[PDB]
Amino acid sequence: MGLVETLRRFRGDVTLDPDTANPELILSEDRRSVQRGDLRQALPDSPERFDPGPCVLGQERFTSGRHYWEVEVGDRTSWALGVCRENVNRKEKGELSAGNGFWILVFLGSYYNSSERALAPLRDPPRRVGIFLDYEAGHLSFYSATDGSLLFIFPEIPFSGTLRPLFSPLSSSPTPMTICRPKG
């Protein structure tokens, strides 16, 4: 029980916007969990829905200030988390890159190093990821919430207009990606 456990009580709520979700994604009834299946569902289409990008947005809109949120990913060795401009091309077929208004951390595999007999894994993958946004500082950074390690920090970003939190479970898995509710 140290300062980092206490300050994590600043984590805010995020609820997913079902109208933005790629048609392979399912959402929980409380809109805090998302899972990727292997089936394209029959959903009403619109410009707001990610296709073919396997993403969903939070309902929340960032225009200023400091924002922290936590996502349980569990055993996953594949996910993407961060933020994007409200006005991105949600039908983008190529890479979702900083140049097109996507600021996302992507976990696509694991590192090992050569050891005495074999290979050693570097670290347990994070089960819980914290995302920190400081709009005026142009700051976006990602942490392993359980041990407080930095995963990634973007270079200073010249944010303008509205940002949305972005979630992307990159594999099918029995493990939903879950937004952690605020404490109390």
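Numbering starts at 1 and runs along the sequence shown.
(Q) Tell me which stretch has the larger mean Cα B-factor in this entry, 16-24 or 167-175. (A) Higher of the two, by average CA B-factor, is 167-175.
Q) Per the entry, where is the mean C-alpha temperature factor higher: 129-137 or 155-163? A) Between 129-137 and 155-163, it is 155-163.
Q. So among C55, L39, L122, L43, who wins on Cα B-factor in the entry?
A. Result of the comparison over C55, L39, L122, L43: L122.
Q: Looking at the entry's B-factor column for C-alpha atoms only, identify whether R61 ranks in the lowest, middle or highest third of its chain.
A: For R61, the deposited C-alpha B-factor lands in the middle third.
Q) Which third of the chain does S149 land in by C-alpha B-factor: lowest, middle or highest? A) Within its chain, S149 is a highest-third residue by C-alpha B-factor, going by the deposited values.
Q.
Could you place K183 in the lowest, middle or highest third of its chain by Cα temperature factor, using the values in the record?
A. Highest third.
Q: State the tercile, meaning the lowest, middle or highest third, of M1 with respect to the CA B-factors recorded for its chain.
A: It falls in the top third of the chain.
**Q.** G82 by Cα B-factor - lowest, middle or highest third of the modelled chain
**A.** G82: CA B-factor falls in the lowest third of its chain.
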